[PDB]
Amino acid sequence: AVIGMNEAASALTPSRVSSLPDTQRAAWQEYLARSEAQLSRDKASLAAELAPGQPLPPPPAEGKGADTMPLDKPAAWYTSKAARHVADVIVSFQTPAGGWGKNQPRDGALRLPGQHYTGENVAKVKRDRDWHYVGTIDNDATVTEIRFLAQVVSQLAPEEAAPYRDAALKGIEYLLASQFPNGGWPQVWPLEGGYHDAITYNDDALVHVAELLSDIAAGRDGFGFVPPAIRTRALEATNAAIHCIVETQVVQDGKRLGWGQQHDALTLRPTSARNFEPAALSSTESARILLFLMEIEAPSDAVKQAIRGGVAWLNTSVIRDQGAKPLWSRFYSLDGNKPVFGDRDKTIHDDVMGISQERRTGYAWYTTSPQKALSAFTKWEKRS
């Protein structure tokens, strides 16, 4: 009932990179130097908005965000005052780097000068401010804001949509700058450290980023205003991201397998996240990566193997009869692909009942989600 223990993930530090595979990663050094540069720029910028002695404004709004940035409303809705205001809110909360934080309703107030971009604790009473997820692609962050911005733009007059376009381009420049030298993407950028520095597939983070750049490269969904020079970069970026997905797929000696929520930017092997999230193949995140690859027009054999492989392991590992409909363990043992679970105490188990109910509840360790990649593979194998 207790497989092993969960070790912490490894931050992408200069020492991990100092192991230069012969002037091969002078790229990663530059990458970190830019990350650090931007980070300071971010903090100094917010600080510059406050006046000496001026009390901190209250923390910004928090809660479900994506639902305040609907991307499927009718065209007309994007010309309304309601949509224009969501855009203004969006434009006001973009970080100097060009990104956005998560869990922030954008239908309320505009960010006040000196007010945090994403969120912080109330400064109870009786410049060192909180800095977590200040530019993330988790929970659909950044990607959603850029898509919304583009919808509004596409339904307004060119002469009346400069701010939204400009914030959109900053957002696209943000996603381009944060991409790893090997095409992957970190959950937070500028780099915050820890498992946040891992190539993040978790919550569709990387897939969403790649689909966004793909669309930009194509000039669709309202990105027709994007300069060709930048659309070319988004294309190259999307190709790099696809490659990454390919060079990261877990190969069980000969066979191909799933992917797992996060991978080390240098090791490429599945790494860990939180105390209760050990390095391990992920059913749900694999199904998403698969659905994404099956979307590719004229896949290379490399991409063809990846799809066929992942889809297979998704079938070698299923569930008889949380029962009636096909099942999958959120996580599967890299060694010996079998259901795996964990707890807030770094201990890896092989039974949900061997976990604190606090973790046994809320968090979902089993799921039917993967099925989506199966029905998809069917029609996909044909034209390939």
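We number the residues from 1 along the sequence you see.
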Continuity check for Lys126 and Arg127, given as deposited residues lacking coordinates between them:
4 to 9
Zero if continuous, otherwise a range: how many residues of the deposited sequence are missing coordinates between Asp321 and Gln322 (none, 1 to 3, 4 to 9, 10 or more)?
10 or more
Between 187-195 and 101-109 (mean CA B-factor, as deposited), the higher
187-195
Look up the CA B-factors in the entry and say which stretch, 112-120 or 298-306, has the higher mean.
298-306
In the PDB entry, which of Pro57, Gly53, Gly63, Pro326 has its C-alpha at the highest B-factor?
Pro326
Please work out which residue in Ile90, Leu314, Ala168, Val143 has the highest C-alpha B-factor recorded for this crystal structure.
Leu314
Using the temperature factors of the C-alpha atoms in this entry, rank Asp72 within its chain: lowest, middle or highest third.
lowest
Of the three thirds of the chain ranked by Cα temperature factor, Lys255 occupies the highest
